[PDB]
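To begin, one chain is listed below as structure tokens, in the form deposited in one PDB entry.
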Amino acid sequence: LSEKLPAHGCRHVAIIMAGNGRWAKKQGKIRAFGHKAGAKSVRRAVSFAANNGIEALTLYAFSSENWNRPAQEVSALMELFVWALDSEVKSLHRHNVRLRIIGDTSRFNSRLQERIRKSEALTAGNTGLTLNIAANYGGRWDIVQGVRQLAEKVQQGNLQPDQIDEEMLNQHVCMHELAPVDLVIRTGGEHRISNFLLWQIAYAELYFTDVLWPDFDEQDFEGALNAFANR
């Protein structure tokens, strides 16, 4: 018996899936065509992570600041999310993947929140790769949710202000039950982390590639892992 053990201890990879709009515009197409093509890269990246023994893969699909995008571009994205979930959930379940969405799902329409809740419940018992989709997520928002939780406990007389330290807040941010983020990959050419997992990437390796998200493939993923192994 022998499992796949990712290069030099890599446990949790997070990817900022950027470059979809640019990939479509370069071909004279609308942005939504690039995001749809980006759904194929998600499937491939998830397959690669699960098949290589990565414990957790966290994908930045929609930020807390992207509501400022064109309205109809946003609605198309919500419908794509629903479609992507329907296209993949059964497969996720079969492959022992545990799905979690991180971010403020209250702002989503009913049909979408319903699909999210169902997909997580169905795979809640799975023990392989944990796949986290960050949708309507911000690193600062994440930290603030944890802070409010500690502030509720202070009011209730259940915690003194001077007892709050890093480990306590760390237990209230998203993904605190998972391995810390080891490697962040950002496709698309920009060199910013854009409010992604601020608290959790304190010590992560950061890897930027000019490859655009819809073109990102297994060889590109192996490439980031090798930079990690050597880095």
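Residue numbers run from 1 along the displayed sequence.
Higher-scoring stretch by recorded Cα B factor average, 122-130 or 147-155: Averaged over C-alpha atoms, the B-factors run higher in 147-155.
If you average the CA temperature factors as listed in the entry, which stretch comes out higher, 3-11 or 220-228? Higher mean C-alpha B-factor in the PDB entry: 3-11.
Looking at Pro70, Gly34, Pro180, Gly188, which has the biggest Cα B factor in the entry? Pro70 has the highest C-alpha B-factor of those listed.
Quick one: which of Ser194, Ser41, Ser64, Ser47 has the biggest Cα B-factor according to the entry? That would be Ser64, according to the entry.
Within-chain third of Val173 by Cα B-factor, per the entry: For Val173, whose C-alpha B-factor we compare with every modelled residue in the chain, the answer is the middle third.
Would the CA B-factor of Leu80 place it in the lowest, middle or highest third of its chain? Middle third by C-alpha B-factor.
Based on the entry's values, in what third of the chain does the Cα temperature factor of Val74 lie: lowest, middle or highest? Ranked within chain, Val74 CA B lands in the highest tercile.
Test of reading the entry: by CA B factor among the chain's modelled residues, which third contains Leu112? It falls in the top third of the chain.
Chain thirds of CA B-factor: placement of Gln163: It belongs to the highest third of the chain when residues are ordered by C-alpha B-factor.
Missing here is the form solved in complex with a small molecule; even so, the following discussion is about that form.
Tell me, yes or no, whether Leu85 is in contact with the small molecule in the bound PDB entry, where a contact means a heavy atom of each within 4.5 Å. Residue-level check for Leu85: yes, a contact with the small molecule.
Is there a heavy atom of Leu150 lying 4.5 Å or less from a heavy atom of the small molecule in the bound PDB entry? So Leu150 does not count as contacting the small molecule.
Please tell me whether any heavy atom belonging to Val46 falls inside 4.5 Å of a heavy atom of the small molecule, as the geometry stands in the bound PDB entry. Because a heavy atom of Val46 falls inside 4.5 Å of the small molecule in the bound PDB entry, the answer is yes.
Determine whether any heavy atom of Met175 comes within 4.5 Å of a heavy atom of the small molecule in the bound PDB entry, and answer yes or no. Heavy-atom contact with the small molecule at 4.5 Å: absent for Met175.
Taking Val42, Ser91 and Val97 as the candidate spot, are all three within 4.5 angstroms of the small molecule in the bound PDB entry by heavy atoms? Every residue of the candidate spot has a heavy atom within 4.5 Å of the small molecule in the bound PDB entry.
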